[PDB]
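Heads up, the thing below is written out as structure tokens.
The first residue in the sequence is number 1, and the count goes up from there.
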Amino acid sequence: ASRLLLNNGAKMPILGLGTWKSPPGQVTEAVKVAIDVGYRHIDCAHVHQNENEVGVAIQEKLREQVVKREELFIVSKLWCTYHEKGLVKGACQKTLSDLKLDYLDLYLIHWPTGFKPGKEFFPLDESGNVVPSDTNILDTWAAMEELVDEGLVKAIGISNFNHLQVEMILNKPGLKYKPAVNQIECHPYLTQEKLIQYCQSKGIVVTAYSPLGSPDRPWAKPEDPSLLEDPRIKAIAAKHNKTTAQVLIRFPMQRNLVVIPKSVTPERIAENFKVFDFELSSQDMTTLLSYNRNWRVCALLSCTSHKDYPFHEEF
Ligand SMILES: NC(=O)c1ccc[n+]([C@@H]2O[C@H](COP(=O)([O-])OP(=O)(O)OC[C@H]3O[C@@H](n4cnc5c(N)ncnc54)[C@H](OP(=O)(O)O)[C@@H]3O)[C@@H](O)[C@H]2O)c1
């Protein structure tokens with residue numbers, strides 16, 4: 001539809017606006033335009049370093065009465081340097097301050113990896129490697145569950161968890177709140193059929209991040225594949241008189257995924273909204289799926305020997 005049902009009874013807008021890499025001085029206007037255009041779901045994160053400026057736009061549209069607060073679906077995520085039981089509430093409350101809300105709709109564990117606490121997002125040792133916390137996924141999940149019981153967040157979820165990491169929360173003794181959502185990377189070059197099949201079979205909603213292949217990721221190099229300019233995908237968009245981005249956004253939606261394309265450009269924020277009015281044939285969907293090449297934009301490459309690195313498992 002336009003919203004999917006979560007295991008807590010709330011409904012989550014199938015389209016949201018991503019805000020990673022959105023400069024603090026453009027994102028306020030970006031979020032204001034999104035909300036005006038009809039977006040009702042914004043994907044945030046403390047590590048983005050722009051939640052204060054996202055929060056300025058949200059407050060403005062609330063006070064303008066363009067939207068009521070219960071119409072909005074705001075998501076953020078707990079960064080890896082706050083996995084300690086004693087740090088989780090404090091990280092949540094900081095995010096709530098910057099965003100200027102009194103609760104979140106969904107709050108995700110950003111990565112399954114815990115890092116040493118401190119002021120660096122990626123703490124390094126003598127030899128320049130990332131310093132891990134000795135915390136585990138289950139301790140952190142218990143801290144998250146508390147935030148539901150105190151009324152700070154309505155739902156809790158995970159991001160970049162492999163199927164065995166999800167299983168481990170699912171089999172936790174005394175598990176009180178199931179993960180509502182697993183936000184993972186997903187597009188025609190990394191189609192994630194096994195992990196999406198698993199999560200959907202557990203009643204867990206999947207959100208596809210980097211739908212367009214994150215052409216603005218910091219580590220981009222030119223040999224790299226570009227979805228937005230794949231001549232095969234352009235042909236499919238030509239056939240529907242749509243843009244290739246509009247096709248890349250409609251693709252997850254028809255797999256019953258939530259999708260969160262990022263833009264700070266007003267015409268593109270608008271273009272990206274115009275995806276509810278057409279449909280890919282099953283032939284187009286199969287063709288799109290056949291393009292997989294197991295290519296990840298985000299492989300958290302500095303943590304490949306972390307005890308909790310998610311991407312050594314098949315899925
Ligand atoms: N949970 C995680 O670990 C994680 C990791 C990565 C991403 N995410 C979430 O997923 C969101 C989306 O992922 P992403 O930011 O990597 O990349 P993306 O959404 O795949 O691509 C964003 C890039 O595509 C461009 N773009 C937007 N609309 C376009 C259009 N219609 N035509 C051409 N180009 C277009 C943007 O340009 P302009 O802004 O220049 O318009 C920006 O350069 C993030 O912002 C974040 O909120 C989460």
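Put simply, CD1 on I58 and OG1 on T28 are 10.0 Å apart, with the number rounded to the nearest 0.5 Å. The CG atom of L96 lies 6.5 Å from the CG atom of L101; values are rounded to the nearest 0.5 Å.
Side-chain contact check for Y209 and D43: no donor-acceptor pair (N or O, by modelled atom type) lies under 3.5 Å. Checked by atom type, the side-chain pair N52/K100 shows a donor-acceptor distance below 3.5 Å.
Between the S159 side chain and the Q183 main chain, a donor and an acceptor come within less than 3.5 Å of each other. A donor-acceptor contact shorter than 3.5 Å is absent between the side chain of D98 and the backbone of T95. Side-chain atoms of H41 come within 3.5 Å of backbone N or O of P13 as a donor-acceptor pair. Panel note: side chain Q26, backbone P23; no donor-acceptor pair is recorded below 3.5 Å. Remark: side-chain polar atoms of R250 are paired, donor with acceptor, to backbone N or O of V275 under 3.5 angstrom. The main-chain N or O of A237 is never found under 3.5 Å from a side-chain atom of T244 such that the two would form a donor-acceptor pair. Side chain of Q59 to backbone of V56: no donor-acceptor contact under 3.5 angstrom is found. For the pair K242 (side chain) and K274 (backbone), a donor-acceptor distance under 3.5 Å is present.
At least one side-chain heavy atom of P261 sits less than 4.5 Å from a side-chain heavy atom of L15. Side-chain contact between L124 and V131 is absent, with no heavy atoms from C-beta onward closer than 4.5 Å. Between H46 and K77, every side-chain heavy-atom pair lies at or beyond the 4.5 Å cut-off. Inter-residue side-chain proximity for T243 and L248 is flagged as unmet; no heavy-atom pair is nearer than 4.5 Å. Under the 4.5 Å side-chain criterion, counting only non-hydrogen atoms from C-beta, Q165 is in contact with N162. Within the 4.5 Å cutoff, the side chain of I260 has no heavy atoms near those of the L17 side chain. A 4.5 Å side-chain heavy-atom check between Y82 and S133 finds every atom pair outside the cut-off. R40 is listed as a side-chain neighbour of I35, based on a closest heavy-atom distance under 4.5 Å.
Closest heavy-atom contact between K221 and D224: O-CB, 2.9 Å. Between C298 and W219, the shortest heavy-atom distance links the atoms SG-CZ2, 4.1 Å. Nearest heavy-atom pair, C44 versus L99, reported as atom, atom and distance to 0.1 Å: SG-CD2, 4.1 Å. Nearest heavy atom pair, residue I269 against residue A30, reads CD1-O, 3.7 Å. Minimum interatomic distance between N7 and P179 (heavy atoms only, all atoms of both residues): OD1-O, 3.1 Å. Of all heavy-atom pairs between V47 and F121, the closest is CG2-CD1, 3.5 Å.
For the side-chain contact (heavy atoms from CB on, under 4.5 Å) test, no residue two or more places apart in sequence or in another chain qualifies with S282. Listed by chain and residue number, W20, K21, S210, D216, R217, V297 satisfy the side-chain contact (heavy atoms from CB on, under 4.5 Å) test with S214 (two or more places apart in sequence, or in another chain). Residues satisfying the side-chain contact (heavy atoms from CB on, under 4.5 Å) criterion with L5, sequence neighbours excluded, are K11. With sequence neighbours left out, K239 forms a salt bridge (charged side-chain N to carboxylate O under 4.0 Å, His left out) with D284. Qualifying side-chain contact (heavy atoms from CB on, under 4.5 Å) partners for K202, counting only residues two or more places apart in sequence or in other chains: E167, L170, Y198, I204. Listed by chain and number, the residues in a salt bridge (charged side-chain N to carboxylate O under 4.0 Å, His left out) with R3 amount to none (sequence neighbours excluded).
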Please test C186 against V206 for side chain to side chain contact (heavy atoms under 4.5 Å, CB included), starting from the C-alpha separation and ending with a verdict.
-> CA-CA 10 Å; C186 190; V206 177; 6.0 Å; no

Could you walk me through whether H187 and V259 pass the side chain to side chain contact (heavy atoms under 4.5 Å, CB included) test, one step at a time?
-> CA-CA 10 Å; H187 47 267; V259 62; over 6 Å; no

When you look at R255 and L289, which way does the side chain to side chain contact (heavy atoms under 4.5 Å, CB included) test go after all the steps?
-> CA-CA 11 Å; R255 305 177 72 198; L289 261 359; 3.9 Å; yes

For side chain to side chain contact (heavy atoms under 4.5 Å, CB included), just list the numbers for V54 and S22, CA-CA rounded to whole Å, side-chain angles, deciding distance to a tenth of an Å, and then say yes or no.
-> CA-CA 10 Å; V54 170; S22 296; over 6 Å; no

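Residue-environment remark: NZ (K172) exceeds the threshold of 12 foreign heavy atoms within 6.0 Å. Within 6.0 Å of CD in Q93 there are more than 12 heavy atoms belonging to other residues, nucleotides or ligands. No more than 12 heavy atoms of other residues, nucleotides or ligands shown are found within 6.0 angstrom of CD on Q65. Heavy atoms from other residues, nucleotides or ligands lying under 6.0 Å from CD of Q283 number 12 at most.
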Can I get a per-line list of side-chain donor-acceptor pairs under 3.5 Å for residues 308-315, giving both atom names and the distance, sequence neighbours left out?
| unit_1 | atom_1 | unit_2 | atom_2 | d |
| --- | --- | --- | --- | --- |
| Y309 | OH | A299 | O | 2.7 |
| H312 | NE2 | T304 | O | 2.9 |

Residues 105-119 side chain polar contacts: donor-acceptor under 3.5 Å, at least two apart:
| unit_1 | atom_1 | unit_2 | atom_2 | d |
| --- | --- | --- | --- | --- |
| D105 | OD2 | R69 | NH1 | 2.9 |
| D105 | OD2 | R69 | NH2 | 3.0 |
| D105 | OD2 | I74 | N | 2.9 |

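The ring pair (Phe, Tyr, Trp, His ring centres under 6.0 Å) analysis of residues 231-255, with sequence neighbours excluded, yields the pairs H240-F278. The salt bridge (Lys or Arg N to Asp or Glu O under 4.0 Å) pairs that include a residue from residues 285-304 number zero, where partners must be two or more places apart or lie in different chains. Sorted by first then second residue, the salt bridge (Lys or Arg N to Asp or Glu O under 4.0 Å) pairs that include residues 132-152, not counting sequence neighbours, are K85-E146, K89-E150, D149-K176. Sorted by first and then second residue, the pairs that involve residues 45-63 and meet salt bridge (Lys or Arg N to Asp or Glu O under 4.0 Å), not counting sequence neighbours, are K32-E60, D36-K61, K61-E64.
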